[PDB]
Amino acid sequence: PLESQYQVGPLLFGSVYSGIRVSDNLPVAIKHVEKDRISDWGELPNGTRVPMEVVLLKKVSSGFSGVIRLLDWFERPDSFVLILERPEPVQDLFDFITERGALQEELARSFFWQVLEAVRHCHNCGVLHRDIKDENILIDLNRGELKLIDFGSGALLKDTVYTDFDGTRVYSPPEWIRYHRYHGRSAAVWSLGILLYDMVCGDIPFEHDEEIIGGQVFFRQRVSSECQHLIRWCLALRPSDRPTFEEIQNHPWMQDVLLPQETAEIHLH
Amino acid sequence: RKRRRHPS
Ligand SMILES: Nc1ccc(/C=C\c2ccc(C(=O)O)cc2)cc1
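Calculation notes
Residues numbered from 1 in each chain as written, not as in the entry; some residues may be left out. Chains lettered and ligands numbered in written order. Heavy atoms only, no water. Residues with missing side-chain atoms left out of burial classes, pairs and counts. Salt bridge = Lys/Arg side-chain N within 4 Å of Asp/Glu carboxyl O. Contact = heavy atoms within 4.5 Å. Helix = DSSP H or I, 4+ residues; strand = E, 2+ residues; numbered from the N terminus. Nonpolar A, V, L, I, M, F, W, Y, C, P; charged D, E, K, R; others polar. Axes fitted to C-alpha atoms, helices over the stretch in contact; angles between N-to-C directions. Parallel < 35°, antiparallel > 145°, perpendicular 65-115°, else oblique. Left-handed = near helix turned anticlockwise from the far one by under 90°. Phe/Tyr/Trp six-rings, centres within 6.5 Å; stacked < 30°, edge-to-face > 60°. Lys NZ or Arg CZ within 6 Å of the ring centre and 35° of its normal. Pairing = 2+ DSSP bridges.

(A) Molecular detail of the pattern of salt bridges. A salt bridge links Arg 21 of chain A to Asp 24 of chain A; its shortest N-O distance comes to 2.8 Å. Linking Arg 3 of chain B and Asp 134 of chain A is a salt bridge whose minimum nitrogen-to-oxygen distance equals 2.7 Å. The structure contains a network of salt bridges with shared partners spanning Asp 92, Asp 95, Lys 133 and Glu 135 of chain A together with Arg 5 of chain B.

Pasting the structure below:
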């Protein structure tokens, strides 16, 4: 029983509703996914064919708070319904950067570090998100914790070449623009570079295909040299020239990160 | 300069 377990509220295109689990008044998000619109499918351990998004959410569901938790799912004649965690109070990182403009580097450091841990968590679980961007990152404003959301463009992590993609073009790497291929980790690092520039300059650096493949990064905001260098490194044109996740977290700009609660007390309360 | 969301 789906409508008998959740009190459904208002919208949050895309069809996600605010909800409360009647059991315990827990805030949830209720996401509807039309079967006709589903790119990749997967099979659950039961063999029950489900959307790949459900498969990926289950593989990352193991307890670490950096990734959105899938709480339940239902099948309907023409759709799947996903019951997802909803922090409250919350704001996604896109609206947060819109309202506040370029972030202080201290705050961008904490956020970016939390995104890095969350993406490491996905990869450790065999999951490639493929749509990292500020819109797909939620800020729990009281805990100061970031949540990665919307795995609807993701895929199982593999080491061979990808030739499909359904993420956000302005966050896709030049090898996707030019040759329709990429490898998972190095394409994720590129999108992390776009994300980092987005945090410290107040918007993404590239809107057009020629800018993406141009390999030129102009800084519109005062940004420290160490941060510019990390950004430029993540945005290396050659995928093999990009840093590993470990190289990113050992970079000098990434040292002395704030704890989530410090981040909430200093920058969010 | 107009900042915008970008559908996937
Ligand atoms: N701006 C805003 C506000 C509230 C939520 C709630 C949570 C949620 C929504 C979607 C998804 C998903 O697509 O995986 C997960 C959780 C999301 C965005």
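From this point, the narrative continues.
(B) Quick peek at the interface of chain A and chain B. On the chain B side, the residues contacting the 21 residues of chain A number eight residues. Top contributing element to the side of chain A that touches chain B by residue count: helix α2 (residues 93-100) of chain A, with five residues. The class makeup of the residues in the side of chain A that touches chain B is five nonpolar, five polar and 11 charged.

(C) Local environment of the packing of helix α3 (residues 105-124) of chain A against helix α5 (residues 184-201) of chain A. Residues and elements named next belong to chain A. As a packed pair, α3 and α5 sit with axes 10 Å apart at the nearest point and diverge in direction by 160 degrees. By the angle between their directions, the pair α3 and α5 is classed as roughly antiparallel. The element α3 and its partner α5 pack so that their crossing is right-handed. On α5, the residues touching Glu 105, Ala 108, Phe 111, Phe 112, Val 115, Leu 116 and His 123 of α3 are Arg 185, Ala 188, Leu 192, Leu 195, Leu 196, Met 199 and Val 200.

(D) Layout of the packing of aromatic side chains. Judged by centre distance (5.3 Å) and plane angle (50 degrees), the rings of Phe 165 of chain A and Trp 176 of chain A are tilted. With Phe 165 of chain A in the loop between β12 (155-156) and α4 (174-179) and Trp 176 of chain A in helix α4, this residue pair connects regions lying 11 residues apart in the sequence. The aromatic ring of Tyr 162 of chain A is capped on one face by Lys 158 of chain A, whose charged end is 4.6 Å from the ring centroid. A cation over an aromatic ring shows up here: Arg 3 of chain B above the ring of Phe 94 of chain A, its NZ or CZ 3.9 Å from the ring centre.

(E) Region of the structure containing the packing of α5 of chain A against helix α7 (residues 225-234) of chain A. Residue and element names in this part refer to chain A. The geometry of α5 relative to α7 is characterised by a closest axis approach of 8 Å and an angle of 150 degrees between their N-to-C directions. The hand of the α5/α7 crossing is left-handed. Residue-level contacts link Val 189, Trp 190, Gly 193, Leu 196, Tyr 197 and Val 200 of α5 to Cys 227, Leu 230, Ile 231 and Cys 234 of α7. Residue composition of the contact of α5 with α7, by class: nine nonpolar, one polar and no charged.

(F) The sheet that holds strand β10 (residues 137-140) of chain A, seen in detail. All names here are of chain A. As summarised here, the arrangement of the three strands in space is β8-β10-β11, forming an open sheet in which the pairing is antiparallel. The sheet terminates laterally at β8 (90-92) and β11 (145-148), the two strands that pair on one side only. The sheet shows a mean angle of 30 degrees between the axes of neighbouring strands, direction not considered. Taken together, the three bridges between β8 and β10 define a ladder with antiparallel strand orientation. Bridging from a neighbouring strand, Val 90 pairs with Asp 140 of β10. This element, α2, spans β8 and β10 of the sheet and lies at about 85 degrees to β8.

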